[PDB]
Amino acid sequence: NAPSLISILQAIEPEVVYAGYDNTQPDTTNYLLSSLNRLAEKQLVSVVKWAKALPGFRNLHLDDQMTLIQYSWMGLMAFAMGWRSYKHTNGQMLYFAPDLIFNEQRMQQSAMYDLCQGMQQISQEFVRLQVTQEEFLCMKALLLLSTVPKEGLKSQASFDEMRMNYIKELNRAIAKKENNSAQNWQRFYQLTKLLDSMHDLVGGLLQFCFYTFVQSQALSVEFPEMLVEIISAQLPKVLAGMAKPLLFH
Amino acid sequence: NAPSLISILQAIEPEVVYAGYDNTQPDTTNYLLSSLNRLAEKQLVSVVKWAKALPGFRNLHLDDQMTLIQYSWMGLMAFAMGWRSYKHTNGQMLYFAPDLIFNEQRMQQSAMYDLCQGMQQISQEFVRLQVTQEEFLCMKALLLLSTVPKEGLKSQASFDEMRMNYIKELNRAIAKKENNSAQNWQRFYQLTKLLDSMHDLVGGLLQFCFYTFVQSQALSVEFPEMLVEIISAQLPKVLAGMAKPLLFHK
Ligand SMILES: CC(=O)[C@H]1CC[C@H]2[C@@H]3CCC4=CC(=O)CC[C@]4(C)[C@H]3CC[C@]12C
Ligand SMILES: CC(=O)[C@H]1CC[C@H]2[C@@H]3CCC4=CC(=O)CC[C@]4(C)[C@H]3CC[C@]12C
């Protein structure tokens with residue numbers, strides 16, 4: 001056979017990115033929120049390299065490629081962050097970058113606190129289910145494919161296929177580790193139910209992101225160049241409500 | 001909107017068939033089996049009427065239609081039978097027809113007794129699960145679609161899509177109960193798992209049917225005309241192993 005896409009997912013998985021954060025700084029709301037936005041920009045390049053290499057993706061209309069990234073960029077970063085929080089801190093802390101990690105204090109100072117808790121719960125869920133690296137990588141792919149234009153895509157031809165495979169390949173992963181079907185059947189629930197749960201969270205994250213952005217002047221936080229563009233394009237579409245989450249349940 | 005798949009399903013559900021059995025007769029292996037085979041013929045005709053009226057069915061290539069039936073005819077009848085046995089006897093007895101119902105003694109004389117038990121366990125599942133009539137109708141539609149030719153279908157064009165609709169429809173039916181996603185997922189698991197259990201049973205039934213078919217002279221068990229051909233046509237394909245059951249997990 002040809003290489004399993006899972007084996008390719010592993011190959012194209014990005015290496016971790018540093019924030020270039022200065023940890024001697026007092027933890028100040030504005031400074032935290034801004035360095036986070038710096039991090040996002042760096043990660044934004046990473047996730048885009050990734051999606052390109054992501055099998056099936058290039059075969060979508062570039063307006064399709066462009067929209068999917070626009071919607072899901074937040075969820076993918078947040079999801080991946082929760083998986084780092086799990087491997088490194090055991091869901092105890094929010095591990096954004098090896099050099100910027102949110103302890104309790106920082107979550108309170110972020111003025112994102114309730115949103116931080118929410119992200120943390122995603123991480124703890126990872127530790128509760130003991131998600132395997134394979135499960136994670138498949139899930140993260142599906143996340144990309146889990147929010148779509150309310151009016152459907154140009155490549156919907158290609159898309160519905162791709163989405164199916166990554167669902168299939170997710171099954172291939174739940175099946176391999178475990179053995180019994182009663183088990184497979186419930187794994188699949190808990191995992192997909194985890195993916196679904198991401199949507200509500202992202203909404204909240206976005207809500208605040210948008211807010212910080214519009215009020216960036218007043219609040220005095222900085223969104224860097226590349227980051228603005230993406231938000232700028234996304235903000236209107238999602239407020240228009242052209243963005244449809246695809247649930248499992 | 002346009003009428004529910006499930007509302008059509010209900011419309012086209014066959015009325016119950018009578019066997020025309022003389023219950024004053026003694027309960028004897030040959031008269032019992034022969035009488036079932038008469039019942040199987042009568043049901044056979046309505047099963048086919050049913051499948052035609054089944055939405056998305058006539059859109060399948062006509063070889064696919066004939067194939068699928070030959071495969072699942074046994075499972076449909078036995079599935080339906082266990083449903084009746086749940087509705088009328090509460091899983092207690094085997095209600096093939098209102099006039100011919102197997103109680104313990106008849107399962108003894110049947111000389112299929114371990115199979116009778118098997119079928120009695122299907123109905124008992126219906127009762128353990130408290131299956132709704134809507135759940136039942138969707139499952140029975142799928143049962144048609146759950147054993148396919150191993151080589152594939154001429155138009156798998158349509159089939160795959162149709163099969164999904166009935167799966168969606170089945171979810172539409174579980175959801176109605178107003179449960180949450182986890183209960184729904186659990187209903188779904190336990191239904192399709194009742195479904196899948198059907199093959200094991202049916203395999204066994206086919207076997208003893210094939211047997212009684214061949215040995216009828218020996219056994220003095222008479223297969224009405226129309227029952228004969230379907231078996232004639234099916235038996236080869238089966239023993240060649242060209243029939244692939246479609247499961248919901250191993
Ligand atoms: C400054 C601001 O509005 C906050 C709101 C939500 C925050 C983001 C939440 C998800 C997250 C995961 C990461 O790995 C770093 C960047 C991001 C993408 C965060 C960057 C800073 C954000 C953008
Ligand atoms: C004589 C014989 O081979 C028996 C073996 C199993 C029996 C069948 C079991 C399933 C059953 C359900 C019905 O409602 C009547 C017909 C049938 C289809 C039965 C017809 C007679 C059978 C076929």
# chains A, B, ... in the order shown; residues from 1 in each chain; ligands from 1

call {"tool": "select_by_dssp", "arguments": {"residues": "segment 26-232 of chain B", "states": "helix (DSSP H, G or I)", "output": "VMD selection string"}}
result
chain B and resid 29 to 53 62 to 89 104 to 109 113 to 129 133 to 145 156 to 175 181 to 214 216 to 219 225 to 232

call {"tool": "closest_atom_pairs", "arguments": {"of": "chain A", "to": "chain B", "cutoff": "10 Å", "atoms": "only C-alpha atoms", "output": "tab-separated table"}}
result
residue	atom	partner	partner_atom	distance
A:179	CA	B:250	CA	9.3
A:180	CA	B:250	CA	7.7
A:181	CA	B:249	CA	5.8
A:182	CA	B:189	CA	8.4
A:184	CA	B:249	CA	8.7
A:185	CA	B:189	CA	7.5
A:186	CA	B:185	CA	8.6
A:189	CA	B:185	CA	7.6
A:190	CA	B:182	CA	9.3
A:193	CA	B:181	CA	9.0
A:248	CA	B:181	CA	9.0
A:249	CA	B:181	CA	5.6

call {"tool": "select_by_dssp", "arguments": {"residues": "segment 2-245 of chain A", "states": "strand (DSSP E)", "output": "list in words"}}
result
residues 94, 95, 96, 97, 100, 101, 102, 147, 148, 149, 243, 244 and 245 of chain A

call {"tool": "atom_distance", "arguments": {"atom1": "atom CA of residue 222 of chain A", "atom2": "atom CA of residue 242 of chain A"}}
result
27.1 Å

call {"tool": "residues_near_ligand", "arguments": {"ligand": "ligand 1", "cutoff": "7 Å", "atoms": "only C-alpha atoms and all ligand atoms", "output": "mmCIF file with N, CA, C and O atoms, in the first residue's frame"}}
result
data_model
loop_
_atom_site.group_PDB
_atom_site.id
_atom_site.type_symbol
_atom_site.label_atom_id
_atom_site.label_comp_id
_atom_site.auth_asym_id
_atom_site.auth_seq_id
_atom_site.Cartn_x
_atom_site.Cartn_y
_atom_site.Cartn_z
ATOM 1 N N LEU A 33 -1.876 39.986 26.556
ATOM 2 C CA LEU A 33 -2.777 39.913 25.415
ATOM 3 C C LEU A 33 -2.068 40.194 24.077
ATOM 4 O O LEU A 33 -2.430 39.642 23.030
ATOM 5 N N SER A 34 -1.051 41.044 24.113
ATOM 6 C CA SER A 34 -0.381 41.440 22.891
ATOM 7 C C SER A 34 0.631 40.397 22.445
ATOM 8 O O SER A 34 0.689 40.035 21.265
ATOM 9 N N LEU A 36 0.467 37.369 23.084
ATOM 10 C CA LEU A 36 -0.367 36.290 22.595
ATOM 11 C C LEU A 36 -0.687 36.503 21.127
ATOM 12 O O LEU A 36 -0.568 35.583 20.326
ATOM 13 N N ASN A 37 -1.112 37.716 20.776
ATOM 14 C CA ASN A 37 -1.377 38.060 19.381
ATOM 15 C C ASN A 37 -0.132 37.966 18.482
ATOM 16 O O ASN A 37 -0.249 37.681 17.286
ATOM 17 N N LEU A 39 2.222 35.736 19.025
ATOM 18 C CA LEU A 39 2.332 34.301 18.911
ATOM 19 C C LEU A 39 1.403 33.796 17.849
ATOM 20 O O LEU A 39 1.766 32.961 17.037
ATOM 21 N N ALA A 40 0.183 34.295 17.871
ATOM 22 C CA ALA A 40 -0.799 33.883 16.892
ATOM 23 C C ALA A 40 -0.263 34.097 15.487
ATOM 24 O O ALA A 40 -0.424 33.242 14.623
ATOM 25 N N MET A 74 -8.656 29.993 14.537
ATOM 26 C CA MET A 74 -8.759 30.077 15.986
ATOM 27 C C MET A 74 -8.866 28.697 16.641
ATOM 28 O O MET A 74 -8.152 28.382 17.599
ATOM 29 N N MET A 77 -5.706 26.632 16.629
ATOM 30 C CA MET A 77 -4.642 27.058 17.498
ATOM 31 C C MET A 77 -4.994 26.680 18.923
ATOM 32 O O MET A 77 -4.146 26.242 19.708
ATOM 33 N N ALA A 78 -6.273 26.829 19.234
ATOM 34 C CA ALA A 78 -6.770 26.589 20.575
ATOM 35 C C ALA A 78 -6.743 25.106 20.868
ATOM 36 O O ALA A 78 -6.379 24.686 21.970
ATOM 37 N N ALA A 80 -4.801 22.703 19.293
ATOM 38 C CA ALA A 80 -3.372 22.414 19.456
ATOM 39 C C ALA A 80 -2.768 22.938 20.765
ATOM 40 O O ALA A 80 -1.908 22.302 21.364
ATOM 41 N N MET A 81 -3.207 24.101 21.218
ATOM 42 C CA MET A 81 -2.681 24.596 22.474
ATOM 43 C C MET A 81 -3.081 23.700 23.635
ATOM 44 O O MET A 81 -2.270 23.454 24.522
ATOM 45 N N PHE A 96 1.127 27.886 25.791
ATOM 46 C CA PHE A 96 0.922 28.518 24.506
ATOM 47 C C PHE A 96 2.157 28.285 23.680
ATOM 48 O O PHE A 96 2.096 27.968 22.491
ATOM 49 N N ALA A 97 3.287 28.484 24.337
ATOM 50 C CA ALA A 97 4.596 28.300 23.760
ATOM 51 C C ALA A 97 5.431 27.869 24.935
ATOM 52 O O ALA A 97 5.066 28.146 26.070
ATOM 53 N N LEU A 205 -14.115 32.576 22.239
ATOM 54 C CA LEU A 205 -12.779 33.106 21.971
ATOM 55 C C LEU A 205 -12.830 34.217 20.935
ATOM 56 O O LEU A 205 -12.319 35.322 21.159
ATOM 57 N N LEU A 206 -13.454 33.899 19.803
ATOM 58 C CA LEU A 206 -13.723 34.862 18.739
ATOM 59 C C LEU A 206 -14.427 36.126 19.254
ATOM 60 O O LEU A 206 -13.988 37.259 19.009
ATOM 61 N N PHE A 208 -14.349 37.563 21.972
ATOM 62 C CA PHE A 208 -13.444 38.438 22.711
ATOM 63 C C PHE A 208 -12.375 38.971 21.793
ATOM 64 O O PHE A 208 -11.896 40.086 21.961
ATOM 65 N N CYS A 209 -11.995 38.151 20.825
ATOM 66 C CA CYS A 209 -10.964 38.517 19.882
ATOM 67 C C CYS A 209 -11.427 39.732 19.111
ATOM 68 O O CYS A 209 -10.743 40.764 19.052
ATOM 69 N N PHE A 210 -12.601 39.580 18.515
ATOM 70 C CA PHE A 210 -13.276 40.661 17.819
ATOM 71 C C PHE A 210 -13.344 41.913 18.669
ATOM 72 O O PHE A 210 -12.965 42.997 18.235
ATOM 73 N N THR A 212 -11.505 42.770 21.398
ATOM 74 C CA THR A 212 -10.190 43.349 21.600
ATOM 75 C C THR A 212 -9.738 44.108 20.370
ATOM 76 O O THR A 212 -9.043 45.108 20.463
ATOM 77 N N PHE A 213 -10.127 43.593 19.210
ATOM 78 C CA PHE A 213 -9.653 44.093 17.922
ATOM 79 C C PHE A 213 -10.217 45.464 17.566
ATOM 80 O O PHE A 213 -9.475 46.405 17.227
#
